[PDB]
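Residue numbers (the UniProt record's numbering), protein chains in the order written: chain Z, 2 to 57; chain U, 244 to 458. Note that the Cβ used here is the ideal one computed from N, Cα and C, for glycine as well. Below: one structure, written as structure tokens.
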Ligand code: SF4
């Protein structure tokens, strides 16, 4: 937050806590909006043998 | 069969007891044997029914090329019978019951031998290709499944498959076997089953060689 130090202390005293520790506006700490491709594994019934549907 | 018809007049003339005096019980008589493949002297010979396989081969075919220790596998009863390795052929008798006990079956008593210098996978794939080209296509299991197994074995020969496909091919053979109109499907599924059962390490090693060489 681009808040001056005097205003920082004033708001800290008014609320009675430390606010810069936990801010309610998102900043660079969030994840990127572009992400690498995933892989998404398969389920247990993706076998090539011993996988008859009558048993599941 | 031609042989069954041809032996009947002699059976009538000499009596059934004389013909039954040969071989074991439930396996009586004499048989015509065709030895081909990797023997010094491939030939057709008539011999007592329950003859040992090795004794037959050595006395009539002149032995296996390169010696008996050079033997790799034997197809005892034509392409429809599953193969057996040298250990089974050491003390196996050539009749219906003993060859069934070896999980093979006598079949037509056509002995095809293979030494250690030949590709067992390639020969089995050639047999499967023969069955693919000879199926009449009437019923879906034989037609589609045999085409499928032909493709799978063609991929197996090069090693282009993964090890998990061996059990898939076994299950495909199980699906074909016992579900067709005639026994051609069984006679195509059995060689694959025998090849898998007796040479799974060979297929796996071929696949891993392909995997390393292609990365
Ligand atoms: S199993 Fe026999 S009847 Fe069925 S498609 Fe094959 S050859 Fe024809």
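Chain Z beta carbons: is any one of them nearer than 7 Å to that of residue 358/U?
By one-based count along the second chain, residue 358/U stands at place 115. Not closer than 7 Å to any Cβ of chain Z, the Cβ of residue 358/U fails to qualify, so no.
In whole angstroms, what is the alpha-carbon distance linking residue 411/U and residue 50/Z?
Within the second chain, the letter at position 168 stands for residue 411/U. Within the first chain, the letter at position 49 stands for residue 50/Z. Computed Cα separation, rounded: 5 Å.
Should residue 50/Z be flagged as near chain U, meaning a C-beta pair shorter than 7 Å?
If you number the first chain from 1, residue 50/Z lands on position 49. So yes, residue 50/Z belongs to the interface.
Measuring CA to CA, which of 375/U, 307/U and 361/U is closest to residue 388/U?
Indexing the second chain from 1 puts residue 388/U at position 145. Out of 375/U, 307/U and 361/U, 375/U has the C-alpha closest to the C-alpha of residue 388/U.
Buried or exposed, going by whether 16 or more other CB atoms sit within 10 Å of the CB of residue 433/U?
Start at 1 with the first residue of the second chain, and residue 433/U comes out as number 190. Looking at its Cβ environment, which holds 16 or more other Cβ atoms inside 10 Å, residue 433/U is buried.
CB residue 323/U to CB residue 350/U, shorter than 7 Å?
Taking the second chain and counting its residues from 1, one reaches residue 323/U at position 80. Taking the second chain and counting its residues from 1, one reaches residue 350/U at position 107. In contact: residue 323/U and residue 350/U (Cβ atoms closer than 7 Å).
Please report the distance separating the alpha-carbon of residue 400/U from that of residue 301/U.
For the purposes of this step, residue 400/U is taken as the residue at position 157 of the second chain. For the purposes of this step, residue 301/U is taken as the residue at position 58 of the second chain. Roughly 31 Å separates the two Cα atoms.
For residue 315/U, which residues from the same chain have a beta carbon less than 6 Å from its beta carbon, with the 5 sequence-adjacent residues on both sides left out?
Position 72 of the second chain holds residue 315/U. Hits under 6 Å: 357, 358 and 359.
How would the residue list near ligand 1 read, in chain order, if you kept each one whose beta-carbon is closer than 6 Å to any heavy atom?
Here the list is 378/U, 379/U, 380/U, 381/U, 382/U, 385/U, 386/U, 423/U, 424/U, 425/U, 427/U and 428/U.
Give me, in chain order, the residues of the same chain whose beta-carbon lies closer than 6 Å to that of residue 442/U; leave out the 5 immediate sequence neighbours on both sides.
For this step, residue 442/U is matched to residue 199 along the second chain. Same-chain partners within the cutoff: 363.
Just list the alpha helix (DSSP H) runs in the segment 293-319 of chain U, keeping only unbroken ones of 4 residues or longer that don't cross its boundaries, in chain order.
Runs of the alpha helix (DSSP H) inside the segment 293-319 of chain U: 296-303.
Using CA coordinates, which residue listed in 384/U, 312/U, 352/U and 415/U is at the minimum distance from residue 286/U?
For the purposes of this step, residue 286/U is taken as the residue at position 43 of the second chain. Ranking 384/U, 312/U, 352/U and 415/U by Cα distance to residue 286/U puts 352/U first.
With a threshold of 7 Å between beta carbons, is residue 414/U in contact with chain Z?
Position 171 of the second chain, counting from 1, holds the residue named residue 414/U. With 7 Å as the cut-off, residue 414/U counts as an interface residue toward chain Z.
What residue range is occupied by the uninterrupted beta strand (DSSP E) comprising residue 277/U?
Position 34 of the second chain holds residue 277/U. Where residue 277/U is concerned, the enclosing beta strand (DSSP E) stretches over 273-280.
At what residues does the alpha helix (DSSP H) containing residue 454/U begin and finish?
Here residue 454/U is taken as the residue at index 211 of the second chain, counted from 1. First-last of the alpha helix (DSSP H) with residue 454/U: 427-457.
How about residue 293/U: is its C-beta nearer than 7 Å to some C-beta of chain Z?
Locating residue 293/U in the second chain gives position 50, where the first residue counts as 1. Residue 293/U does not count as touching chain Z.
Relative to the C-alpha of residue 341/U, which candidate in 365/U, 450/U and 268/U has its C-alpha closest?
On the second chain, position 98 is the one that residue 341/U refers to. Out of 365/U, 450/U and 268/U, 268/U has the C-alpha closest to the C-alpha of residue 341/U.
Should residue 333/U be labelled buried (16 or more other beta-carbon atoms within 10 Å of its own) or exposed?
To locate residue 333/U, count along the second chain from 1; it is residue 90. Looking at its Cβ environment, which holds fewer than 16 other Cβ atoms inside 10 Å, residue 333/U is exposed.
Which one of 6/Z, 30/Z and 27/Z has the shortest CA to CA distance from residue 19/Z?
Position 18 of the first chain, counted from the start, is the residue given in the question as residue 19/Z. Nearest of 6/Z, 30/Z and 27/Z to residue 19/Z, Cα basis: 6/Z.
Residues bridged to residue 353/U by DSSP?
By 1-based counting over the second chain, the position of residue 353/U is 110. Bridge partners of residue 353/U: 277/U.
Report all residues from its chain with a CB closer than 7 Å to the CB of residue 254/U; omit the five preceding and five following residues, and keep chain order.
By 1-based counting over the second chain, the position of residue 254/U is 11. So the qualifying residues of the chain are 262.
Taking only beta-carbon atoms, is residue 340/U less than 7 Å away from chain Z?
As a position in the second chain, residue 340/U is number 97, starting the count at 1. With 7 Å as the cut-off, residue 340/U does not count as an interface residue toward chain Z.
Under three-state DSSP, which class holds residue 290/U?
To locate residue 290/U, count along the second chain from 1; it is residue 47. Reduced to three states, the DSSP call for residue 290/U is strand.
Can you have a look at residue 449/U and say buried or exposed, based on whether 16 or more other CB atoms are within 10 angstroms of its CB?
For the purposes of this step, residue 449/U is taken as residue 206 along the second chain, with counting starting at 1. Answer is buried; the Cβ neighbour count reaches 16.
Can you give, in chain order, each stretch of the beta strand (DSSP E) that sits fully within the segment 322-367 of chain U and has at least 3 residues?
The segment 322-367 of chain U contains these whole beta strand (DSSP E) runs: 353-358.
Could you pull out every unbroken alpha helix (DSSP H) segment of at least 4 residues lying fully inside the segment 360-404 of chain U, listed in chain order?
With a minimum length of 4 residues, the continuous alpha helix (DSSP H) runs that stay inside the segment 360-404 of chain U are 363-377 and 389-401.
Looking at ligand 2, does it come within less than 6 Å of residue 386/U, judged from the CB to the closest heavy atom?
Ligands in the displayed structure: ligand 1; ligand 2 is not one of them.
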